[PDB]
$ cat protein_23.cif   # mmCIF, C-alpha atoms
data_final
#
loop_
_atom_site.label_atom_id
_atom_site.label_comp_id
_atom_site.auth_asym_id
_atom_site.auth_seq_id
_atom_site.Cartn_x
_atom_site.Cartn_y
_atom_site.Cartn_z
CA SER Y 2 -2.87 -17.50 8.48
CA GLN Y 3 0.46 -18.36 6.86
CA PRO Y 4 1.79 -21.00 6.71
CA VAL Y 5 -0.68 -22.23 9.31
CA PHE Y 6 -3.84 -20.96 11.02
CA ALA Y 7 -3.73 -22.51 14.48
CA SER Y 8 -0.44 -21.00 15.74
CA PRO Y 9 -0.24 -18.95 18.94
CA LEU Y 10 1.39 -16.22 16.85
CA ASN Y 11 -1.49 -16.16 14.36
CA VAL Y 12 -4.00 -16.27 17.23
CA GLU Y 13 -2.29 -13.17 18.64
CA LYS Y 14 -2.31 -11.62 15.14
CA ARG Y 15 -6.02 -12.23 14.67
CA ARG Y 16 -6.98 -10.95 18.11
CA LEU Y 17 -4.93 -7.73 17.90
CA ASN Y 18 -5.83 -6.89 14.29
CA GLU Y 19 -9.51 -7.71 14.61
CA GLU Y 20 -9.93 -5.83 17.90
CA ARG Y 21 -8.33 -2.86 16.14
CA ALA Y 22 -10.94 -3.31 13.41
CA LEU Y 23 -13.64 -3.44 16.09
CA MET Y 24 -12.55 -0.19 17.76
CA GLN Y 25 -12.26 1.42 14.32
CA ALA Y 26 -15.84 0.33 13.57
CA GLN Y 27 -17.01 1.68 16.93
CA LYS Y 28 -15.27 5.00 16.24
CA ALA Y 29 -16.72 5.26 12.73
CA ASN Y 35 -18.94 -0.28 6.07
CA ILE Y 36 -15.77 -2.01 7.28
CA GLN Y 37 -15.26 -5.76 6.98
CA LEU Y 38 -15.61 -7.91 10.09
CA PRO Y 39 -13.50 -10.05 10.44
CA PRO Y 40 -10.59 -8.33 8.63
CA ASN Y 41 -8.74 -9.91 5.73
CA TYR Y 42 -5.55 -11.88 6.33
CA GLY Y 43 -3.56 -9.62 4.03
CA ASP Y 44 -4.83 -6.63 5.98
CA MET Y 45 -3.70 -8.23 9.26
CA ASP Y 46 -0.43 -6.64 10.39
CA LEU Y 47 1.77 -7.69 13.30
CA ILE Y 48 5.13 -7.02 14.88
CA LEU Y 49 7.01 -10.31 14.56
CA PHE Y 50 9.69 -9.41 17.08
CA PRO Y 51 9.18 -7.05 20.03
CA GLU Y 52 11.85 -4.60 21.15
CA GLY Y 53 13.63 -6.91 23.60
CA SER Y 54 13.66 -10.07 21.49
CA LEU Y 55 16.71 -10.06 19.21
CA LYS Y 56 20.25 -9.73 20.52
CA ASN Y 57 23.46 -9.78 18.50
CA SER Y 58 26.91 -10.86 19.70
CA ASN Y 59 28.17 -9.53 23.08
CA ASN Y 60 24.61 -8.80 24.24
CA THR Y 61 23.39 -5.49 22.82
CA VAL Y 62 19.75 -5.01 21.84
CA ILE Y 63 18.92 -4.94 18.13
CA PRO Y 64 15.34 -4.20 16.97
CA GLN Y 65 13.23 -5.60 14.12
CA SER Y 66 13.43 -2.48 11.97
CA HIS Y 67 17.17 -3.06 11.33
CA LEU Y 68 16.23 -6.18 9.30
CA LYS Y 69 14.85 -4.13 6.39
CA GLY Y 70 16.11 -5.07 2.94
CA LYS Y 71 17.57 -8.42 3.99
CA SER Y 72 16.69 -12.05 3.36
CA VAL Y 73 16.25 -13.30 6.92
CA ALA Y 74 16.13 -16.98 7.87
CA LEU Y 75 15.25 -18.51 11.21
CA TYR Y 76 17.78 -21.14 12.31
CA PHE Y 77 15.93 -23.65 14.47
CA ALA Y 78 18.74 -25.54 16.14
CA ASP Y 79 19.83 -27.83 18.97
CA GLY Y 80 23.34 -28.05 20.39
CA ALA Y 81 23.86 -31.74 21.11
CA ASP Y 82 22.23 -32.83 17.85
CA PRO Y 83 24.70 -34.37 15.37
CA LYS Y 84 22.91 -32.94 12.31
CA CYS Y 85 23.16 -29.54 14.01
CA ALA Y 86 26.87 -30.04 14.69
CA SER Y 87 27.37 -31.04 11.06
CA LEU Y 88 25.32 -28.15 9.67
CA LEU Y 89 26.65 -25.25 11.77
CA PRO Y 90 30.04 -24.73 9.99
CA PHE Y 91 28.37 -24.84 6.56
CA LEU Y 92 25.88 -22.17 7.48
CA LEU Y 93 28.88 -20.27 8.85
CA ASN Y 94 30.67 -20.40 5.50
CA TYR Y 95 27.50 -19.45 3.63
CA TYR Y 96 27.01 -16.50 5.99
CA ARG Y 97 30.63 -15.37 5.64
CA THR Y 98 30.96 -15.72 1.86
CA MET Y 99 27.54 -14.26 1.05
CA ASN Y 100 28.09 -11.29 3.33
CA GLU Y 101 31.64 -10.72 2.07
CA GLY Y 102 30.76 -10.99 -1.62
CA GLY Y 103 28.84 -7.74 -1.82
CA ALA Y 104 28.74 -4.04 -1.04
CA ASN Y 105 25.56 -4.61 0.96
CA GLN Y 106 24.73 -7.16 3.60
CA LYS Y 107 21.94 -9.34 2.26
CA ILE Y 108 21.40 -12.46 4.36
CA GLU Y 109 20.48 -12.60 8.05
CA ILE Y 110 20.03 -15.53 10.41
CA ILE Y 111 18.07 -15.53 13.68
CA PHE Y 112 18.73 -18.47 16.01
CA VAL Y 113 16.13 -20.02 18.27
CA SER Y 114 17.21 -22.91 20.41
CA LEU Y 115 16.47 -26.39 21.69
CA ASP Y 116 19.29 -26.40 24.22
CA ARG Y 117 18.33 -27.83 27.60
CA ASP Y 118 19.48 -24.90 29.74
CA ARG Y 119 21.39 -21.63 29.86
CA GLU Y 120 24.87 -23.19 29.89
CA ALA Y 121 24.13 -25.20 26.74
CA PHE Y 122 22.51 -22.11 25.23
CA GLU Y 123 25.63 -20.02 25.82
CA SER Y 124 28.03 -22.77 24.74
CA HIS Y 125 26.14 -23.06 21.47
CA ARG Y 126 25.65 -19.27 21.17
CA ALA Y 127 29.38 -18.52 21.28
CA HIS Y 128 29.77 -20.30 17.91
CA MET Y 129 27.09 -18.26 16.06
CA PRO Y 130 27.64 -14.59 15.09
CA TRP Y 131 24.21 -13.76 13.65
CA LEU Y 132 21.13 -12.65 15.53
CA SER Y 133 19.68 -14.79 18.31
CA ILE Y 134 16.62 -15.06 20.54
CA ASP Y 135 17.03 -16.04 24.20
CA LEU Y 136 15.57 -19.20 25.70
CA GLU Y 137 13.34 -17.81 28.46
CA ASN Y 138 11.05 -15.45 26.54
CA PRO Y 139 7.98 -17.17 25.03
CA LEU Y 140 8.90 -16.04 21.49
CA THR Y 141 11.41 -18.90 21.14
CA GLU Y 142 8.52 -21.35 21.76
CA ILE Y 143 5.68 -19.71 19.86
CA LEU Y 144 7.96 -19.49 16.81
CA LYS Y 145 8.34 -23.27 16.82
CA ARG Y 146 4.62 -23.78 17.36
CA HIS Y 147 4.16 -21.38 14.43
CA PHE Y 148 6.62 -23.04 12.05
CA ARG Y 149 5.74 -26.67 12.88
CA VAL Y 150 9.16 -27.72 14.19
CA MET Y 151 9.20 -30.25 17.02
CA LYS Y 152 11.95 -32.25 18.66
CA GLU Y 153 9.58 -35.18 19.26
CA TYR Y 154 5.84 -35.50 19.77
CA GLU Y 155 5.58 -33.62 23.05
CA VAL Y 156 3.72 -30.37 22.25
CA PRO Y 157 -0.09 -30.49 22.29
CA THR Y 158 -0.45 -30.54 18.52
CA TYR Y 159 -3.54 -29.50 16.61
CA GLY Y 160 -3.52 -32.15 13.93
CA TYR Y 161 -0.15 -31.00 12.63
CA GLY Y 162 2.43 -33.09 10.92
CA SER Y 163 6.14 -32.69 11.57
CA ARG Y 164 7.08 -30.22 8.84
CA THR Y 165 10.72 -30.72 9.84
CA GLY Y 166 12.90 -31.97 12.66
CA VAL Y 167 15.73 -29.80 13.91
CA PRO Y 168 17.98 -28.45 12.39
CA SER Y 169 16.03 -26.23 10.06
CA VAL Y 170 16.35 -22.89 8.34
CA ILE Y 171 13.13 -21.13 7.37
CA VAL Y 172 13.33 -18.05 5.18
CA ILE Y 173 10.59 -15.88 6.65
CA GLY Y 174 8.59 -12.83 5.65
CA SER Y 175 7.52 -9.65 7.39
CA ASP Y 176 4.04 -10.91 8.34
CA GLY Y 177 5.25 -14.32 9.50
CA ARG Y 178 4.55 -16.01 6.17
CA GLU Y 179 7.03 -18.77 5.34
CA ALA Y 180 8.71 -17.39 2.23
CA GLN Y 181 10.53 -20.62 1.41
CA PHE Y 182 11.75 -23.83 3.01
CA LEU Y 183 15.35 -24.94 2.68
CA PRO Y 184 15.11 -28.77 2.72
CA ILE Y 185 17.90 -30.20 4.85
CA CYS Y 186 15.68 -32.69 6.73
CA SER Y 187 12.54 -32.46 4.61
CA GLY Y 188 10.90 -34.06 1.57
CA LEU Y 189 14.12 -33.71 -0.44
CA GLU Y 190 16.35 -34.82 2.49
CA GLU Y 191 19.39 -33.16 0.90
CA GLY Y 192 21.45 -31.87 3.78
CA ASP Y 193 24.16 -29.21 3.93
CA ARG Y 194 23.55 -28.21 0.30
CA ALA Y 195 20.02 -26.78 0.67
CA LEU Y 196 21.66 -23.46 1.53
CA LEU Y 197 22.38 -23.00 -2.18
CA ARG Y 198 18.63 -22.99 -2.87
CA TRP Y 199 18.30 -19.88 -0.69
CA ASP Y 200 17.52 -17.01 -3.03
CA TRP Y 201 17.84 -13.39 -1.96
CA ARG Y 202 16.03 -11.60 -4.79
CA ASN Y 203 12.40 -12.38 -3.96
CA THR Y 204 12.55 -13.11 -0.21
CA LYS Y 205 13.11 -9.64 1.22
CA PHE Y 206 12.09 -8.54 4.71
CA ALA Y 207 9.80 -5.65 3.79
CA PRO E 204 3.26 -51.02 26.82
CA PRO E 205 3.41 -47.37 25.72
CA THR E 206 1.61 -46.13 22.61
CA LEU E 207 3.78 -44.54 19.94
CA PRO E 208 2.57 -41.19 18.56
CA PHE E 209 1.34 -40.74 15.00
CA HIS E 210 3.55 -38.46 12.97
CA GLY E 211 2.62 -38.28 9.32
CA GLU E 212 1.33 -36.02 6.61
CA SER E 213 0.56 -36.93 3.03
CA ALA E 214 2.30 -35.35 0.06
CA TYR E 215 -0.73 -33.28 -0.93
CA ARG E 216 -1.09 -31.68 2.49
CA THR E 217 2.65 -31.18 2.79
CA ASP E 218 3.46 -29.29 -0.40
CA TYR E 219 0.08 -28.26 -1.87
CA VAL E 220 -0.26 -25.74 0.95
CA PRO E 221 -2.37 -22.70 -0.02
CA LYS E 222 0.19 -20.37 -1.60
CA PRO E 223 0.36 -16.55 -1.51
CA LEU E 224 -1.18 -14.87 -4.52
CA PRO E 225 1.22 -13.21 -6.98
CA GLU E 226 1.18 -9.43 -6.71
CA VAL E 227 -0.35 -7.86 -9.80
CA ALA E 228 -1.69 -4.39 -10.54
CA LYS E 229 0.37 -3.30 -13.55
CA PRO E 230 -1.37 -1.46 -16.39
CA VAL E 231 0.65 -0.28 -19.38
CA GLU E 232 0.53 3.49 -19.70
CA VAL E 233 0.87 4.81 -23.25
CA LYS E 234 1.82 8.34 -24.27
CA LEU E 235 0.18 9.80 -27.35
CA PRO E 236 2.67 11.85 -29.41
CA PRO E 237 1.34 15.42 -29.71
CA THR E 238 -0.05 16.34 -33.11
CA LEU E 239 2.15 18.47 -35.33
CA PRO E 240 0.85 21.77 -36.74
CA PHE E 241 -0.33 21.67 -40.35
CA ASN E 242 2.21 23.96 -42.03
CA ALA E 243 1.33 23.25 -45.65
CA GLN E 244 -0.36 25.43 -48.21
CA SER E 245 -1.56 25.32 -51.81
CA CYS E 246 0.02 26.63 -55.01
CA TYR E 247 -2.93 28.71 -56.27
CA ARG E 248 -3.32 30.46 -52.92
CA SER E 249 0.46 30.72 -52.49
CA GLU E 250 1.26 32.56 -55.69
CA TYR E 251 -1.99 33.82 -57.22
#

$ encode --input "protein_23.cif" --output "C-alpha cells"
Amino acid sequence: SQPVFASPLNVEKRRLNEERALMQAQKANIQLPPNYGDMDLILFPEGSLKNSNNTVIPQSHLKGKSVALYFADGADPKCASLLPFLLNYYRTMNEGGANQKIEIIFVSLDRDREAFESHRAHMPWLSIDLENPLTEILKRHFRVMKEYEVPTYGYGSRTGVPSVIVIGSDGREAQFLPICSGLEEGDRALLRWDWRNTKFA
Amino acid sequence: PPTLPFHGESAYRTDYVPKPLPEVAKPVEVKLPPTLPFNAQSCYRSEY
C-alpha cells in the first residue's frame, strides 16, 4: 500500500498476493491477510515497455538502475519547457559513467496516437503506449491528474503534469522530484535525483 | 452555474505520509583470537 492504498494497481496486488496466500493455506499457521512487505507484484508485464524504433523490452532489464516515471503531456508548456532539460540530464548522466544508471519510462496525456507519436519521437528512453490500461492505472496509482475528471477516492492532487517519480520495484514511490509540487522549483529538481539509494531491485 | 471541484490537501497529509521502515538486521560479529600455547617453564625444574 505504497504510496497509497486505494489504487487499482494495489488492488490488483492485494488480490493476487492474498489469493496466493489462500491457495498456499489450502495446500498446507500462515497469516491472513498477508503483510504488505510480503506482497510481491510484477509492475510491468511483458508487452508494456517499448524502447525506440518499437522493439519489446521487459522489466527484468531495469535491474540495477534508478528508474523514474515521466508523466507528461505534449501540448503542455511546462512539458515543452521541461523535456530538453530531462534530455540533457539523461545524456550527461548516462555518458558520465562506465555503467548506465538512470532510466526514464514515459506515460502520456496526449489526446491521440498522432500526438503520442509526435511527442514520442523526441524521447529516447523507455515508453508505455497509450491504449493499454497500464498508462492509466499508473496515474491512478501515483495521484497525477490533468484536472478533476477521474473518480477520485478522497485524493488530493499530488502533482499536475509534468512529473517525474523515482519508483521502486514493488511500486513504492522512492522519491518525488518537485517540479510542480510543494517546492515548486522547476527544471532544477532533476539535481535532487539521487542514484545511490533508489535502485530498481 | 457549474460547481468547481475541491482540490486540496493539507501539509500534514501531503508530506507526513507513512514512510518505509529503514532496513536493519546487522549484528557485529567478533572473532576471538585463538589462545597461544603456554611454552614457559621453571628454573628449578629446568636445570635441577

$ interface_residues --input "protein_23.cif" --of "chain E" --to "chain Y" --cutoff "8 Å" --atoms "only C-alpha atoms" --output "list in words"
residues 208, 210, 211, 212, 217 and 220 of chain E

$ write_last_selection --input "protein_23.cif" --atoms "C-alpha atoms" --output "PDB file, in the coordinates of the input"
ATOM      1  CA  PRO E 208       2.570 -41.190  18.560  1.00  0.00           C
ATOM      2  CA  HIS E 210       3.550 -38.460  12.970  1.00  0.00           C
ATOM      3  CA  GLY E 211       2.620 -38.280   9.320  1.00  0.00           C
ATOM      4  CA  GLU E 212       1.330 -36.020   6.610  1.00  0.00           C
ATOM      5  CA  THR E 217       2.650 -31.180   2.790  1.00  0.00           C
ATOM      6  CA  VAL E 220      -0.260 -25.740   0.950  1.00  0.00           C
TER       7      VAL E 220
END

$ residues_near_point --input "protein_23.cif" --point "(14.8, -5.7, 5.8)" --cutoff "7 Å" --atoms "all atoms listed in the file" --output "ChimeraX atom specification"
/Y:67-71,205-207

$ resolve_selection --input "protein_23.cif" --expression "the PyMOL selection byres ((chain Y and resi 199) around 10)" --output "list in words"
residues 72, 74, 108, 170, 171, 172, 181, 182, 183, 194, 195, 196, 197, 198, 200, 201, 202 and 204 of chain Y

$ write_last_selection --input "protein_23.cif" --atoms "C-alpha atoms" --output "JSON list (two decimals), in the frame of the given file"
[["chain", "number", "residue", "atom", "x", "y", "z"],
["Y", 72, "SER", "CA", 16.69, -12.05, 3.36],
["Y", 74, "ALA", "CA", 16.13, -16.98, 7.87],
["Y", 108, "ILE", "CA", 21.40, -12.46, 4.36],
["Y", 170, "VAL", "CA", 16.35, -22.89, 8.34],
["Y", 171, "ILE", "CA", 13.13, -21.13, 7.37],
["Y", 172, "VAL", "CA", 13.33, -18.05, 5.18],
["Y", 181, "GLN", "CA", 10.53, -20.62, 1.41],
["Y", 182, "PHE", "CA", 11.75, -23.83, 3.01],
["Y", 183, "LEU", "CA", 15.35, -24.94, 2.68],
["Y", 194, "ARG", "CA", 23.55, -28.21, 0.30],
["Y", 195, "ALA", "CA", 20.02, -26.78, 0.67],
["Y", 196, "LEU", "CA", 21.66, -23.46, 1.53],
["Y", 197, "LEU", "CA", 22.38, -23.00, -2.18],
["Y", 198, "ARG", "CA", 18.63, -22.99, -2.87],
["Y", 200, "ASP", "CA", 17.52, -17.01, -3.03],
["Y", 201, "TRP", "CA", 17.84, -13.39, -1.96],
["Y", 202, "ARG", "CA", 16.03, -11.60, -4.79],
["Y", 204, "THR", "CA", 12.55, -13.11, -0.21]]

$ atom_distance --input "protein_23.cif" --atom1 "atom CA of residue E:224" --atom2 "atom CA of residue Y:142"
28.8 Å

$ resolve_selection --input "protein_23.cif" --expression "the PyMOL selection byres ((chain Y and resi 82) around 12)" --output "PDB file with C-alpha atoms, in the coordinates of the input"
ATOM      1  CA  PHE Y  77      15.930 -23.650  14.470  1.00  0.00           C
ATOM      2  CA  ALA Y  78      18.740 -25.540  16.140  1.00  0.00           C
ATOM      3  CA  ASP Y  79      19.830 -27.830  18.970  1.00  0.00           C
ATOM      4  CA  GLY Y  80      23.340 -28.050  20.390  1.00  0.00           C
ATOM      5  CA  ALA Y  81      23.860 -31.740  21.110  1.00  0.00           C
ATOM      6  CA  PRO Y  83      24.700 -34.370  15.370  1.00  0.00           C
ATOM      7  CA  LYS Y  84      22.910 -32.940  12.310  1.00  0.00           C
ATOM      8  CA  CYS Y  85      23.160 -29.540  14.010  1.00  0.00           C
ATOM      9  CA  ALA Y  86      26.870 -30.040  14.690  1.00  0.00           C
ATOM     10  CA  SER Y  87      27.370 -31.040  11.060  1.00  0.00           C
ATOM     11  CA  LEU Y  88      25.320 -28.150   9.670  1.00  0.00           C
ATOM     12  CA  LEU Y  89      26.650 -25.250  11.770  1.00  0.00           C
ATOM     13  CA  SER Y 114      17.210 -22.910  20.410  1.00  0.00           C
ATOM     14  CA  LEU Y 115      16.470 -26.390  21.690  1.00  0.00           C
ATOM     15  CA  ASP Y 116      19.290 -26.400  24.220  1.00  0.00           C
ATOM     16  CA  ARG Y 117      18.330 -27.830  27.600  1.00  0.00           C
ATOM     17  CA  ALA Y 121      24.130 -25.200  26.740  1.00  0.00           C
ATOM     18  CA  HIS Y 125      26.140 -23.060  21.470  1.00  0.00           C
ATOM     19  CA  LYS Y 152      11.950 -32.250  18.660  1.00  0.00           C
ATOM     20  CA  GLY Y 166      12.900 -31.970  12.660  1.00  0.00           C
ATOM     21  CA  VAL Y 167      15.730 -29.800  13.910  1.00  0.00           C
ATOM     22  CA  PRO Y 168      17.980 -28.450  12.390  1.00  0.00           C
ATOM     23  CA  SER Y 169      16.030 -26.230  10.060  1.00  0.00           C
TER      24      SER Y 169
END

$ atom_distance --input "protein_23.cif" --atom1 "atom CA of residue Y:96" --atom2 "atom CA of residue Y:73"
11.3 Å

$ atom_distance --input "protein_23.cif" --atom1 "atom CA of residue Y:21" --atom2 "atom CA of residue Y:9"
18.2 Å

$ axis_aligned_box --input "protein_23.cif" --around "stretch 134-148 of chain Y" --padding-each-side "4 Å" --output "AutoDock Vina command-line options"
--center_x 10.6 --center_y -19.4 --center_z 20.3 --size_x 20.9 --size_y 16.7 --size_z 24.4

$ residues_near_point --input "protein_23.cif" --point "(4.9, -8.8, 12.2)" --cutoff "8 Å" --atoms "all atoms listed in the file" --output "JSON list (two decimals) with C-alpha atoms, in the frame of the given file"
[["chain", "number", "residue", "atom", "x", "y", "z"],
["Y", 46, "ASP", "CA", -0.43, -6.64, 10.39],
["Y", 47, "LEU", "CA", 1.77, -7.69, 13.30],
["Y", 48, "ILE", "CA", 5.13, -7.02, 14.88],
["Y", 49, "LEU", "CA", 7.01, -10.31, 14.56],
["Y", 50, "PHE", "CA", 9.69, -9.41, 17.08],
["Y", 175, "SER", "CA", 7.52, -9.65, 7.39],
["Y", 176, "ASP", "CA", 4.04, -10.91, 8.34],
["Y", 177, "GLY", "CA", 5.25, -14.32, 9.50]]

$ closest_residue --input "protein_23.cif" --among "Y:53, Y:16, Y:187, Y:99" --to "residue Y:137" --atoms "only C-alpha atoms"
Y:53

$ resolve_selection --input "protein_23.cif" --expression "the PyMOL selection byres ((chain Y and resi 64) around 10)" --output "compact mmCIF listing (two decimals) with C-alpha atoms, in the frame of the given file"
# COMPACT_ATOMS: atom_id res chain seq x y z
CA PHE Y 50 9.69 -9.41 17.08
CA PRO Y 51 9.18 -7.05 20.03
CA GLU Y 52 11.85 -4.60 21.15
CA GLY Y 53 13.63 -6.91 23.60
CA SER Y 54 13.66 -10.07 21.49
CA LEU Y 55 16.71 -10.06 19.21
CA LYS Y 56 20.25 -9.73 20.52
CA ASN Y 57 23.46 -9.78 18.50
CA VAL Y 62 19.75 -5.01 21.84
CA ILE Y 63 18.92 -4.94 18.13
CA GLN Y 65 13.23 -5.60 14.12
CA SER Y 66 13.43 -2.48 11.97
CA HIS Y 67 17.17 -3.06 11.33
CA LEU Y 68 16.23 -6.18 9.30

$ build_atoms --input "protein_23.cif" --residues "stretch 219-234 of chain E" --atoms "N, CA and C atoms" --output "mmCIF file, keeping the file's coordinate frame"
data_model
loop_
_atom_site.group_PDB
_atom_site.id
_atom_site.type_symbol
_atom_site.label_atom_id
_atom_site.label_comp_id
_atom_site.auth_asym_id
_atom_site.auth_seq_id
_atom_site.Cartn_x
_atom_site.Cartn_y
_atom_site.Cartn_z
ATOM 1 N N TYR E 219 1.164 -29.018 -1.250
ATOM 2 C CA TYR E 219 0.080 -28.260 -1.870
ATOM 3 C C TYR E 219 -0.631 -27.442 -0.792
ATOM 4 N N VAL E 220 0.183 -26.718 -0.033
ATOM 5 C CA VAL E 220 -0.260 -25.740 0.950
ATOM 6 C C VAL E 220 -0.854 -24.584 0.162
ATOM 7 N N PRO E 221 -1.911 -23.926 0.642
ATOM 8 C CA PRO E 221 -2.370 -22.700 -0.020
ATOM 9 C C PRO E 221 -1.278 -21.639 -0.052
ATOM 10 N N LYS E 222 -0.940 -21.211 -1.264
ATOM 11 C CA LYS E 222 0.190 -20.370 -1.600
ATOM 12 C C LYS E 222 -0.228 -18.899 -1.640
ATOM 13 N N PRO E 223 0.688 -17.973 -1.354
ATOM 14 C CA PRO E 223 0.360 -16.550 -1.510
ATOM 15 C C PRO E 223 0.115 -16.189 -2.963
ATOM 16 N N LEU E 224 -0.845 -15.298 -3.174
ATOM 17 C CA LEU E 224 -1.180 -14.870 -4.520
ATOM 18 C C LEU E 224 -0.061 -13.995 -5.086
ATOM 19 N N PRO E 225 0.229 -14.100 -6.381
ATOM 20 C CA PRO E 225 1.220 -13.210 -6.980
ATOM 21 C C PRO E 225 0.700 -11.784 -7.050
ATOM 22 N N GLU E 226 1.575 -10.835 -6.742
ATOM 23 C CA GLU E 226 1.180 -9.430 -6.710
ATOM 24 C C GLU E 226 1.050 -8.907 -8.133
ATOM 25 N N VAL E 227 -0.145 -8.432 -8.481
ATOM 26 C CA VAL E 227 -0.350 -7.860 -9.800
ATOM 27 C C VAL E 227 -1.366 -6.712 -9.781
ATOM 28 N N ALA E 228 -0.870 -5.503 -10.039
ATOM 29 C CA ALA E 228 -1.690 -4.390 -10.540
ATOM 30 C C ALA E 228 -0.736 -3.543 -11.378
ATOM 31 N N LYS E 229 -0.640 -3.876 -12.664
ATOM 32 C CA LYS E 229 0.370 -3.300 -13.550
ATOM 33 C C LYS E 229 -0.243 -3.013 -14.908
ATOM 34 N N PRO E 230 -0.917 -1.883 -15.063
ATOM 35 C CA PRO E 230 -1.370 -1.460 -16.390
ATOM 36 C C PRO E 230 -0.187 -0.913 -17.179
ATOM 37 N N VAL E 231 -0.383 -0.784 -18.482
ATOM 38 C CA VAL E 231 0.650 -0.280 -19.380
ATOM 39 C C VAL E 231 0.217 1.099 -19.867
ATOM 40 N N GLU E 232 0.851 2.127 -19.315
ATOM 41 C CA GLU E 232 0.530 3.490 -19.700
ATOM 42 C C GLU E 232 1.186 3.829 -21.032
ATOM 43 N N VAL E 233 0.412 4.446 -21.919
ATOM 44 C CA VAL E 233 0.870 4.810 -23.250
ATOM 45 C C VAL E 233 0.779 6.324 -23.401
ATOM 46 N N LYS E 234 1.795 6.913 -24.019
ATOM 47 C CA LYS E 234 1.820 8.340 -24.270
ATOM 48 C C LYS E 234 1.564 8.626 -25.743
#
